[PDB]
>>> print(open('my_file10.csv').read())   # CSV, C-alpha atoms and all ligand atoms
chain,number,residue,atom,x,y,z
A,18,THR,CA,-7.3,-7.1,-15.2
A,19,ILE,CA,-4.2,-5.0,-15.7
A,20,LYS,CA,-3.1,-3.4,-18.9
A,21,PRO,CA,-0.1,-5.1,-20.5
A,22,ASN,CA,3.1,-3.6,-19.1
A,23,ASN,CA,6.6,-4.9,-19.3
A,24,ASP,CA,7.5,-3.7,-15.8
A,25,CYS,CA,4.7,-5.6,-14.1
A,26,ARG,CA,5.6,-9.2,-13.8
A,27,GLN,CA,3.6,-12.0,-12.2
A,28,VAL,CA,4.5,-13.7,-8.9
A,29,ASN,CA,3.3,-16.3,-6.4
A,30,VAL,CA,1.8,-14.5,-3.4
A,31,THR,CA,2.0,-17.6,-1.1
A,32,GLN,CA,5.7,-18.2,-2.0
A,33,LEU,CA,6.9,-14.8,-0.7
A,34,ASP,CA,8.4,-14.3,2.8
A,35,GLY,CA,5.9,-14.2,5.6
A,36,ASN,CA,3.0,-15.0,3.2
A,37,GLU,CA,2.4,-18.7,4.0
A,38,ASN,CA,-1.1,-18.1,5.3
A,39,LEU,CA,-1.9,-14.7,3.7
A,40,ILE,CA,-5.0,-16.0,1.9
A,41,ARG,CA,-6.0,-18.7,4.5
A,42,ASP,CA,-6.6,-16.1,7.2
A,43,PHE,CA,-8.6,-13.9,4.8
A,44,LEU,CA,-10.8,-16.7,3.6
A,45,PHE,CA,-11.6,-18.0,7.2
A,46,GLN,CA,-12.2,-14.4,8.6
A,47,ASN,CA,-16.0,-14.9,8.6
A,48,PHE,CA,-16.3,-18.8,8.6
A,49,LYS,CA,-15.4,-19.4,12.2
A,50,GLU,CA,-17.3,-22.7,12.5
A,51,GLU,CA,-16.5,-26.4,11.8
A,52,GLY,CA,-17.2,-28.1,8.5
A,53,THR,CA,-16.8,-27.6,4.8
A,54,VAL,CA,-18.5,-24.8,2.9
A,55,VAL,CA,-18.2,-23.4,-0.6
A,56,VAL,CA,-18.1,-19.6,-0.7
A,57,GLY,CA,-18.1,-17.2,-3.6
A,58,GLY,CA,-17.0,-13.6,-4.0
A,59,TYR,CA,-14.4,-11.3,-5.3
A,60,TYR,CA,-11.5,-13.1,-3.5
A,61,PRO,CA,-7.8,-12.7,-4.5
A,62,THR,CA,-6.0,-15.5,-6.3
A,63,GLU,CA,-2.6,-16.9,-5.9
A,64,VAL,CA,-0.8,-15.1,-8.8
A,65,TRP,CA,-0.5,-11.3,-8.2
A,66,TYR,CA,1.6,-8.6,-10.0
A,67,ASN,CA,4.9,-7.1,-9.0
A,68,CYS,CA,5.7,-3.8,-10.9
A,69,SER,CA,9.1,-2.0,-10.4
A,70,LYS,CA,11.5,0.3,-12.3
A,71,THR,CA,15.3,0.5,-12.1
A,72,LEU,CA,15.2,4.2,-13.0
A,73,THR,CA,13.9,7.0,-10.8
A,74,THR,CA,11.0,8.1,-13.1
A,75,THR,CA,7.3,8.3,-12.4
A,76,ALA,CA,5.4,5.3,-13.7
A,77,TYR,CA,1.7,4.3,-13.6
A,78,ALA,CA,-0.4,1.2,-13.8
A,79,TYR,CA,-4.1,0.9,-14.7
A,80,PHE,CA,-6.6,-1.7,-13.6
A,81,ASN,CA,-9.9,-1.7,-15.5
A,82,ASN,CA,-13.3,-3.3,-15.0
A,83,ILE,CA,-12.4,-4.6,-11.5
A,84,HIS,CA,-14.5,-4.9,-8.4
A,85,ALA,CA,-12.0,-5.4,-5.6
A,86,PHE,CA,-8.3,-4.3,-5.2
A,87,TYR,CA,-6.0,-6.2,-2.8
A,88,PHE,CA,-2.4,-5.6,-1.9
A,89,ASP,CA,0.3,-6.8,0.5
A,90,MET,CA,3.6,-5.4,1.8
A,91,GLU,CA,6.9,-6.7,3.2
A,92,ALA,CA,8.1,-6.6,6.8
A,93,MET,CA,8.7,-3.1,8.2
A,94,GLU,CA,12.2,-2.3,9.5
A,95,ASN,CA,12.2,-1.6,13.2
A,96,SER,CA,8.5,-2.3,13.4
A,97,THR,CA,8.5,-2.2,17.2
A,98,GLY,CA,9.6,1.4,17.3
A,99,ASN,CA,10.5,3.8,14.5
A,100,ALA,CA,8.9,1.7,11.7
A,101,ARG,CA,10.4,2.3,8.3
A,102,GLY,CA,7.7,2.7,5.6
A,103,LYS,CA,7.4,1.9,1.9
A,104,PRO,CA,5.4,4.4,-0.1
A,105,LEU,CA,2.5,3.5,-2.3
A,106,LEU,CA,-0.4,5.5,-3.9
A,107,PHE,CA,-3.5,4.1,-5.6
A,108,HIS,CA,-6.6,6.1,-6.6
A,109,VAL,CA,-10.1,4.7,-7.2
A,110,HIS,CA,-12.1,7.0,-9.4
A,111,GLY,CA,-15.8,7.8,-9.3
A,112,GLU,CA,-18.4,10.6,-9.5
A,113,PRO,CA,-18.9,12.8,-7.6
A,114,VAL,CA,-16.5,11.3,-5.1
A,115,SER,CA,-13.1,9.5,-5.6
A,116,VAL,CA,-10.7,8.0,-3.0
A,117,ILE,CA,-6.9,8.2,-3.0
A,118,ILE,CA,-5.1,5.9,-0.6
A,119,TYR,CA,-1.4,6.7,0.1
A,120,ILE,CA,1.0,4.9,2.4
A,121,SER,CA,4.0,7.1,3.2
A,122,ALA,CA,7.6,6.0,4.0
A,129,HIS,CA,3.4,17.3,11.0
A,130,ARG,CA,2.3,13.7,10.4
A,131,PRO,CA,1.0,11.9,13.5
A,132,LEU,CA,3.2,9.2,14.9
A,133,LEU,CA,2.9,5.8,13.2
A,134,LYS,CA,0.1,7.0,11.0
A,135,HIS,CA,1.7,6.0,7.8
A,136,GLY,CA,-1.5,5.7,5.8
A,137,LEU,CA,-3.7,8.5,4.5
A,138,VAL,CA,-7.1,8.4,2.8
A,139,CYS,CA,-8.2,11.4,0.7
A,140,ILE,CA,-11.8,11.7,-0.3
A,141,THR,CA,-11.8,14.2,-3.2
A,142,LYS,CA,-14.5,15.6,-5.5
A,143,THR,CA,-12.0,16.9,-8.1
A,144,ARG,CA,-11.0,14.8,-11.1
A,145,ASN,CA,-7.7,16.7,-11.6
A,146,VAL,CA,-5.4,14.8,-9.2
A,147,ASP,CA,-1.7,15.8,-9.3
A,148,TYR,CA,0.3,12.6,-8.9
A,149,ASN,CA,3.6,14.4,-9.4
A,150,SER,CA,2.9,16.8,-6.5
A,151,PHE,CA,0.9,14.8,-3.9
A,152,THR,CA,4.0,12.7,-3.1
A,153,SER,CA,6.4,15.7,-3.2
A,154,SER,CA,4.9,18.2,-0.7
A,155,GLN,CA,4.7,18.1,3.1
A,156,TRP,CA,2.4,15.8,5.1
A,157,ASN,CA,0.3,18.8,6.1
A,158,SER,CA,-0.2,20.0,2.4
A,159,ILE,CA,-1.4,16.8,0.7
A,160,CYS,CA,-5.1,16.4,1.3
A,161,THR,CA,-5.7,20.0,2.5
A,162,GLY,CA,-8.7,22.1,1.5
A,163,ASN,CA,-12.2,20.8,0.9
A,164,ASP,CA,-11.0,17.3,0.4
A,165,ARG,CA,-11.5,15.0,3.4
A,166,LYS,CA,-8.3,13.7,5.0
A,167,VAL,CA,-8.4,10.6,7.2
A,168,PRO,CA,-5.0,9.5,8.6
A,169,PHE,CA,-4.8,5.8,9.7
A,170,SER,CA,-2.0,3.7,11.2
A,171,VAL,CA,-1.2,0.5,9.4
A,172,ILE,CA,-0.2,-2.1,12.0
A,173,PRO,CA,3.6,-2.6,11.8
A,174,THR,CA,3.6,-5.5,14.3
A,175,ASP,CA,1.7,-7.5,11.7
A,176,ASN,CA,5.0,-7.7,9.7
A,177,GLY,CA,3.2,-7.7,6.4
A,178,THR,CA,1.5,-11.1,7.1
A,179,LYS,CA,-2.0,-9.6,6.7
A,180,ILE,CA,-3.6,-8.8,3.3
A,181,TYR,CA,-5.0,-5.4,2.8
A,182,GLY,CA,-8.0,-4.9,0.5
A,183,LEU,CA,-10.7,-2.6,-0.7
A,184,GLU,CA,-14.1,-3.6,-2.2
A,185,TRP,CA,-16.8,-1.1,-3.3
A,186,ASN,CA,-20.3,-0.8,-4.8
A,187,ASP,CA,-22.8,2.0,-5.3
A,188,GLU,CA,-24.0,1.8,-1.7
A,189,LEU,CA,-21.3,0.3,0.5
A,190,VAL,CA,-17.5,0.4,0.6
A,191,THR,CA,-15.6,-2.2,2.6
A,192,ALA,CA,-12.0,-1.9,3.7
A,193,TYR,CA,-10.1,-5.0,5.0
A,194,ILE,CA,-7.1,-4.0,7.2
A,195,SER,CA,-5.3,-6.7,9.2
A,196,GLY,CA,-8.1,-9.1,10.3
A,197,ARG,CA,-10.7,-6.3,10.6
A,198,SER,CA,-13.3,-5.3,8.0
A,199,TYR,CA,-14.7,-1.7,8.2
A,200,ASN,CA,-17.8,-0.6,6.3
A,201,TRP,CA,-18.8,2.9,5.0
A,202,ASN,CA,-22.2,3.8,3.6
A,203,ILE,CA,-22.0,6.3,0.7
A,204,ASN,CA,-24.0,6.6,-2.6
A,205,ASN,CA,-21.4,7.1,-5.3
A,206,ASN,CA,-21.1,6.1,-9.0
A,207,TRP,CA,-17.8,4.2,-9.2
A,208,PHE,CA,-16.0,3.7,-12.5
A,209,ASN,CA,-14.5,0.3,-11.5
A,210,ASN,CA,-10.9,1.3,-12.5
A,211,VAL,CA,-7.9,2.1,-10.3
A,212,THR,CA,-4.7,4.0,-11.1
A,213,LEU,CA,-1.6,3.0,-9.2
A,214,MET,CA,1.6,5.0,-9.0
A,215,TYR,CA,4.3,2.5,-7.8
A,216,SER,CA,7.6,4.1,-8.7
A,217,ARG,CA,8.8,7.7,-8.7
A,218,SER,CA,11.8,9.8,-7.6
A,219,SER,CA,12.6,9.8,-3.9
A,220,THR,CA,11.4,12.7,-1.8
A,221,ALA,CA,10.6,13.7,1.8
A,222,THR,CA,7.6,11.4,1.9
A,223,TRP,CA,8.5,9.0,-0.9
A,224,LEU,CA,11.4,6.5,-0.8
A,225,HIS,CA,12.6,4.7,-3.9
A,226,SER,CA,11.8,1.0,-3.2
A,227,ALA,CA,9.7,-1.9,-4.4
A,228,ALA,CA,8.1,-4.1,-1.7
A,229,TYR,CA,4.4,-4.2,-2.7
A,230,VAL,CA,2.5,-7.0,-4.4
A,231,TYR,CA,-1.1,-6.3,-5.7
A,232,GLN,CA,-4.0,-7.8,-7.6
A,233,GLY,CA,-7.4,-6.7,-9.0
A,234,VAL,CA,-10.4,-9.1,-8.8
A,235,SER,CA,-13.3,-8.8,-11.2
A,236,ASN,CA,-14.6,-12.4,-11.6
A,237,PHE,CA,-16.7,-14.3,-9.0
A,238,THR,CA,-14.2,-16.6,-7.3
A,239,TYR,CA,-15.2,-19.8,-5.6
A,240,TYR,CA,-13.4,-21.4,-2.7
A,241,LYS,CA,-14.1,-24.6,-0.7
A,242,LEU,CA,-13.2,-24.4,2.9
A,243,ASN,CA,-12.6,-27.4,5.2
A,244,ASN,CA,-12.3,-27.3,9.0
A,245,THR,CA,-11.2,-30.7,10.3
A,246,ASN,CA,-10.3,-30.9,14.0
A,247,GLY,CA,-9.2,-27.3,14.0
A,248,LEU,CA,-7.1,-27.6,10.8
A,249,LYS,CA,-8.3,-25.2,8.1
A,250,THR,CA,-7.7,-25.9,4.4
A,251,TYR,CA,-8.9,-24.0,1.3
A,252,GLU,CA,-9.2,-25.0,-2.4
A,253,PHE,CA,-9.9,-22.9,-5.4
A,254,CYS,CA,-12.7,-24.1,-7.7
A,255,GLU,CA,-12.7,-23.1,-11.4
A,256,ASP,CA,-16.2,-24.5,-11.7
A,257,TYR,CA,-18.9,-24.5,-9.0
A,258,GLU,CA,-20.6,-27.6,-10.5
A,259,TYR,CA,-17.3,-29.5,-10.3
A,260,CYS,CA,-16.7,-28.7,-6.7
A,261,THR,CA,-20.4,-29.1,-5.5
A,262,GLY,CA,-22.2,-31.2,-8.1
A,263,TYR,CA,-24.8,-28.6,-8.7
A,264,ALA,CA,-25.2,-25.5,-10.9
A,265,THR,CA,-24.7,-21.9,-9.8
A,266,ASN,CA,-27.1,-19.0,-10.1
A,267,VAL,CA,-24.3,-16.5,-11.1
A,268,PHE,CA,-24.2,-15.7,-14.8
A,269,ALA,CA,-23.0,-13.0,-17.2
A,270,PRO,CA,-25.8,-11.7,-19.5
A,271,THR,CA,-24.9,-11.5,-23.2
A,272,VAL,CA,-25.0,-8.4,-25.4
A,273,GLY,CA,-28.4,-6.8,-25.2
A,274,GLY,CA,-29.3,-8.3,-21.8
A,275,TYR,CA,-30.1,-11.9,-22.7
A,276,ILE,CA,-29.6,-14.9,-20.4
A,277,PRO,CA,-27.1,-17.4,-21.8
A,278,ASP,CA,-28.4,-20.7,-23.1
A,279,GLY,CA,-26.4,-22.6,-20.4
A,280,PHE,CA,-28.3,-21.3,-17.4
A,281,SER,CA,-30.2,-23.6,-15.1
A,301,LIG,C1,-12.4,4.9,-15.6
A,301,LIG,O1,-13.6,4.6,-16.3
A,301,LIG,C2,-14.4,5.7,-16.6
A,301,LIG,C3,-15.8,5.2,-17.0
A,301,LIG,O2,-15.6,4.6,-18.3
A,301,LIG,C4,-13.7,6.6,-17.5
A,301,LIG,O3,-14.4,7.8,-17.8
A,301,LIG,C5,-14.7,8.0,-19.2
A,301,LIG,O4,-13.5,7.8,-19.9
A,301,LIG,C6,-13.7,7.8,-21.3
A,301,LIG,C7,-12.4,7.4,-22.0
A,301,LIG,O5,-12.1,6.1,-21.6
A,301,LIG,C8,-14.1,9.2,-21.7
A,301,LIG,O6,-14.5,9.3,-23.1
A,301,LIG,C9,-15.4,9.6,-20.9
A,301,LIG,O7,-15.8,10.9,-21.1
A,301,LIG,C10,-15.2,9.4,-19.4
A,301,LIG,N1,-16.4,9.6,-18.7
A,301,LIG,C11,-16.5,10.3,-17.6
A,301,LIG,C12,-17.9,10.4,-17.0
A,301,LIG,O8,-15.6,10.9,-17.1
A,301,LIG,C13,-12.4,7.0,-16.9
A,301,LIG,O9,-11.6,7.8,-17.8
A,301,LIG,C14,-11.6,5.8,-16.5
A,301,LIG,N2,-10.4,6.2,-15.8
A,301,LIG,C15,-9.1,5.7,-16.1
A,301,LIG,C16,-8.0,6.3,-15.2
A,301,LIG,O10,-8.9,4.9,-17.0
A,302,LIG,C1,4.1,-20.6,-8.7
A,302,LIG,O1,4.6,-21.8,-8.3
A,302,LIG,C2,4.3,-22.9,-9.2
A,302,LIG,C3,4.7,-24.2,-8.6
A,302,LIG,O2,4.1,-24.3,-7.3
A,302,LIG,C4,5.1,-22.5,-10.6
A,302,LIG,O3,4.8,-23.5,-11.5
A,302,LIG,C5,4.6,-21.2,-11.1
A,302,LIG,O4,5.3,-20.8,-12.2
A,302,LIG,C6,4.7,-20.1,-10.0
A,302,LIG,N1,4.1,-18.9,-10.5
A,302,LIG,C7,4.8,-17.7,-10.6
A,302,LIG,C8,4.0,-16.6,-11.1
A,302,LIG,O5,6.0,-17.6,-10.3
A,303,LIG,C1,13.7,1.1,16.9
A,303,LIG,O1,12.8,1.9,17.6
A,303,LIG,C2,13.1,2.1,19.0
A,303,LIG,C3,11.9,2.7,19.7
A,303,LIG,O2,11.7,3.9,19.2
A,303,LIG,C4,14.4,2.9,19.1
A,303,LIG,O3,14.8,3.0,20.4
A,303,LIG,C5,15.5,2.2,18.3
A,303,LIG,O4,16.7,2.9,18.3
A,303,LIG,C6,15.1,1.9,16.9
A,303,LIG,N1,16.1,1.1,16.2
A,303,LIG,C7,16.7,1.4,15.1
A,303,LIG,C8,16.3,2.8,14.5
A,303,LIG,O5,17.6,0.7,14.5
A,304,LIG,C1,6.9,-9.3,13.9
A,304,LIG,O1,8.3,-9.3,13.9
A,304,LIG,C2,8.9,-9.0,15.2
A,304,LIG,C3,10.4,-8.9,15.0
A,304,LIG,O2,10.9,-10.1,14.6
A,304,LIG,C4,8.4,-10.0,16.2
A,304,LIG,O3,8.9,-9.6,17.5
A,304,LIG,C5,6.9,-10.0,16.3
A,304,LIG,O4,6.5,-11.0,17.2
A,304,LIG,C6,6.4,-10.3,14.9
A,304,LIG,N1,4.9,-10.2,14.9
A,304,LIG,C7,4.1,-11.2,14.5
A,304,LIG,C8,4.7,-12.5,14.1
A,304,LIG,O5,2.9,-11.1,14.6
A,305,LIG,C1,9.4,-7.0,-7.4
A,305,LIG,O1,10.5,-7.1,-8.3
A,305,LIG,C2,11.6,-6.4,-8.0
A,305,LIG,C3,12.6,-6.4,-9.2
A,305,LIG,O2,11.9,-5.9,-10.4
A,305,LIG,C4,12.2,-6.9,-6.7
A,305,LIG,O3,13.4,-6.2,-6.3
A,305,LIG,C5,11.2,-6.8,-5.6
A,305,LIG,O4,11.7,-7.5,-4.4
A,305,LIG,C6,9.9,-7.5,-6.0
A,305,LIG,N1,8.9,-7.4,-5.0
A,305,LIG,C7,8.4,-8.4,-4.3
A,305,LIG,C8,7.4,-8.0,-3.3
A,305,LIG,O5,8.8,-9.6,-4.4
A,306,LIG,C1,-13.2,-14.2,-15.9
A,306,LIG,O1,-14.3,-14.8,-16.6
A,306,LIG,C2,-14.3,-14.6,-18.0
A,306,LIG,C3,-15.6,-15.0,-18.6
A,306,LIG,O2,-15.7,-14.7,-20.0
A,306,LIG,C4,-13.1,-15.3,-18.6
A,306,LIG,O3,-12.9,-15.1,-20.0
A,306,LIG,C5,-11.8,-14.8,-17.9
A,306,LIG,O4,-10.7,-15.5,-18.3
A,306,LIG,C6,-12.0,-14.9,-16.4
A,306,LIG,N1,-10.8,-14.3,-15.7
A,306,LIG,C7,-10.1,-15.0,-14.8
A,306,LIG,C8,-8.9,-14.2,-14.2
A,306,LIG,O5,-10.3,-16.1,-14.4
A,307,LIG,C1,-12.4,-32.3,4.9
A,307,LIG,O1,-11.3,-32.9,5.5
A,307,LIG,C2,-11.5,-34.2,6.0
A,307,LIG,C3,-10.2,-34.6,6.8
A,307,LIG,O2,-9.1,-34.6,6.0
A,307,LIG,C4,-11.8,-35.2,4.9
A,307,LIG,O3,-12.1,-36.5,5.4
A,307,LIG,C5,-13.1,-34.7,4.2
A,307,LIG,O4,-13.4,-35.5,3.1
A,307,LIG,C6,-12.9,-33.2,3.7
A,307,LIG,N1,-14.1,-32.7,3.2
A,307,LIG,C7,-14.3,-32.2,2.0
A,307,LIG,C8,-15.7,-31.7,1.6
A,307,LIG,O5,-13.3,-32.1,1.2
>>> encode(input="my_file10.csv", output="structure tokens")
Amino acid sequence: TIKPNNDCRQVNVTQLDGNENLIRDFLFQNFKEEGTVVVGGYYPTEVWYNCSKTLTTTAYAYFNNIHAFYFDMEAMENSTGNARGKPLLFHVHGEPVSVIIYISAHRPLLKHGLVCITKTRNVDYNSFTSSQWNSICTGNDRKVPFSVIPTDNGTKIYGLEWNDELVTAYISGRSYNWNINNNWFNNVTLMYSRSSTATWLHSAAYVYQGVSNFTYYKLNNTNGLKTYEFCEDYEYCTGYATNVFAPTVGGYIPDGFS
């Protein structure tokens, strides 16, 4: 899903600090009942990508042909009061509207996150993270500040999914929906490392993953205990075929369909 880069290495999301149940809480967000059920969707996997640079130069990463983008952070320093932030900036392209999400390190108190809805393709990644907080998403672009919860201590997975009619943002354990008709290009550009500035601090404490395939998870709720298991094949987990398929070149149903 990510272009081959030497900086970007893999990593086990569940093996990191404070990430024991990072995916379990996300999977059971909607299934609040008792029993086992097989769900499908653009769900994150266990192996994500960590990308860092020893130097203080500006680096970029590209995710292509993806449908959802998830990321997680580390525990904030002094989260109770003056929380210390770790900067990040990822841009989802589209026409005629594109969305830039930037978490910082004039600005309202504790509102580390900013969302910039812009209609201009020329986005300056070497100047957005170098100016003041009041001169970032100024002008005709729509600026929406938002406060990432520091008390969560990075134990909640953040995510963004989109389509041509609806955009869903998962923050903490809450999913928010926005209705907008926009032609998305299904690629995301992420700027993970740059020189330190007033708003940007040189660090690397972000994991991240892009999901493009239809992932299947079996969920079991036994006496209040919640367990999840990934399925590489729907038929193997359920004993029955699935209706999701990828049409071949020219728009032809594959011969293996049921
Ligand atoms: C994201 O995908 C879109 C859609 O494919 C890309 O836009 C096209 O890019 C190609 C080159 O890859 C150009 O020849 C086309 O003219 C572009 N079309 C439009 C309508 O702009 C876009 O470049 C991709 N973005 C990134 C950052 O890779
Ligand atoms: C994740 O842990 C497993 C063992 O549980 C190990 O084999 C694998 O290499 C780890 N993956 C990464 C990306 O470190
Ligand atoms: C943490 O924040 C509190 C509340 O603002 C503050 O009193 C305290 O000094 C901070 N601790 C630090 C910066 O180590
Ligand atoms: C986050 O960490 C702080 C400091 O250790 C702790 O007081 C707080 O309860 C934690 N929040 C959680 C675990 O939700
Ligand atoms: C990513 O890797 C860097 C070294 O390249 C390391 O310092 C950093 O802690 C890693 N990030 C996470 C979230 O594990
Ligand atoms: C997604 O599905 C395609 C089907 O061709 C497969 O080749 C690819 O490996 C899958 N990707 C992942 C991450 O499972
Ligand atoms: C769910 O868990 C219970 C208790 O461990 C087990 O008996 C049952 O077989 C599980 N169901 C599925 C579908 O895996």
>>> residues_near_ligand(input="my_file10.csv", ligand="ligand LIG 303 (chain A)", cutoff="6 Å", atoms="all atoms listed in the file", output="PyMOL selection string")
chain A and resi 95+97-99
>>> closest_residue(input="my_file10.csv", among="A:158, A:38, A:53, A:67", to="ligand LIG 302 (chain A)", atoms="all atoms listed in the file")
A:67
>>> residues_near_ligand(input="my_file10.csv", ligand="ligand LIG 305 (chain A)", cutoff="10 Å", atoms="all atoms listed in the file", output="JSON, numbers by chain")
{"A": [24, 25, 26, 27, 28, 29, 30, 32, 33, 34, 65, 66, 67, 68, 69, 70, 71, 89, 90, 91, 226, 227, 228, 229, 230, 231]}
>>> residues_near_ligand(input="my_file10.csv", ligand="ligand LIG 304 (chain A)", cutoff="6 Å", atoms="only C-alpha atoms and all ligand atoms", output="list in words")
residues 174, 175 and 176 of chain A
>>> write_last_selection(input="my_file10.csv", atoms="C-alpha atoms", output="PDB file, in the coordinates of the input")
ATOM      1  CA  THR A 174       3.600  -5.500  14.300  1.00  0.00           C
ATOM      2  CA  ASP A 175       1.700  -7.500  11.700  1.00  0.00           C
ATOM      3  CA  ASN A 176       5.000  -7.700   9.700  1.00  0.00           C
TER       4      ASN A 176
END
>>> closest_residue(input="my_file10.csv", among="A:206, A:47, A:220, A:245", to="ligand LIG 301 (chain A)", atoms="only C-alpha atoms and all ligand atoms")
A:206
>>> residues_near_ligand(input="my_file10.csv", ligand="ligand LIG 301 (chain A)", cutoff="7 Å", atoms="all atoms listed in the file", output="MDAnalysis selection string")
chainID A and resid 79 81 110 208:212
>>> residues_around(input="my_file10.csv", residues="residue 172 in chain A", least_positions_apart="6", cutoff="9 Å", atoms="only C-alpha atoms", output="compact mmCIF listing (two decimals) with C-alpha atoms, keeping the file's coordinate frame")
# COMPACT_ATOMS: atom_id res chain seq x y z
CA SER A 96 8.50 -2.30 13.40
CA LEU A 133 2.90 5.80 13.20
CA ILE A 194 -7.10 -4.00 7.20
CA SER A 195 -5.30 -6.70 9.20
>>> residues_around(input="my_file10.csv", residues="residue 168 in chain A", least_positions_apart="4", cutoff="12 Å", atoms="only C-alpha atoms", output="PyMOL selection string")
chain A and resi 117-121+129-140+156-157+159-160
>>> atom_distance(input="my_file10.csv", atom1="CA of residue 276 in chain A", atom2="CA of residue 190 in chain A")
28.7 Å
>>> residues_around(input="my_file10.csv", residues="residue 180 in chain A", least_positions_apart="3", cutoff="8 Å", atoms="only C-alpha atoms", output="number ranges by chain")
A: 39-40, 43, 87-89, 177, 193-195
>>> closest_residue(input="my_file10.csv", among="A:59, A:223, A:107, A:185", to="residue 205 in chain A", atoms="all atoms listed in the file")
A:185
>>> closest_residue(input="my_file10.csv", among="A:55, A:267, A:44, A:189", to="ligand LIG 307 (chain A)", atoms="all atoms listed in the file")
A:55
>>> build_atoms(input="my_file10.csv", residues="range 57-68 of chain A", atoms="N, CA and C atoms", output="compact mmCIF listing (two decimals), in the frame of the given file")
# COMPACT_ATOMS: atom_id res chain seq x y z
N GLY A 57 -18.39 -17.90 -2.32
CA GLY A 57 -18.10 -17.20 -3.60
C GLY A 57 -18.07 -15.71 -3.34
N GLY A 58 -17.22 -15.06 -4.13
CA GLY A 58 -17.00 -13.60 -4.00
C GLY A 58 -15.76 -13.20 -4.71
N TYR A 59 -15.53 -11.88 -4.65
CA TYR A 59 -14.40 -11.30 -5.30
C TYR A 59 -13.13 -11.48 -4.38
N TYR A 60 -12.65 -12.72 -4.35
CA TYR A 60 -11.50 -13.10 -3.50
C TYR A 60 -10.23 -13.10 -4.35
N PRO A 61 -9.12 -12.72 -3.74
CA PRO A 61 -7.80 -12.70 -4.50
C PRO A 61 -7.36 -14.10 -4.80
N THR A 62 -6.59 -14.19 -5.88
CA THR A 62 -6.00 -15.50 -6.30
C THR A 62 -4.57 -15.57 -5.89
N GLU A 63 -3.93 -16.67 -6.30
CA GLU A 63 -2.60 -16.90 -5.90
C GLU A 63 -1.55 -16.08 -6.65
N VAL A 64 -1.80 -15.81 -7.93
CA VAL A 64 -0.80 -15.10 -8.80
C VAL A 64 -1.16 -13.60 -8.73
N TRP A 65 -0.23 -12.80 -8.24
CA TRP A 65 -0.50 -11.30 -8.20
C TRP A 65 0.48 -10.67 -9.23
N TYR A 66 0.72 -9.39 -9.02
CA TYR A 66 1.60 -8.60 -10.00
C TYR A 66 2.56 -7.80 -9.22
N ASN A 67 3.84 -7.94 -9.56
CA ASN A 67 4.90 -7.10 -9.00
C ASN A 67 5.40 -6.15 -10.08
N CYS A 68 5.37 -4.84 -9.86
CA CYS A 68 5.70 -3.80 -10.90
C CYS A 68 6.79 -2.87 -10.33
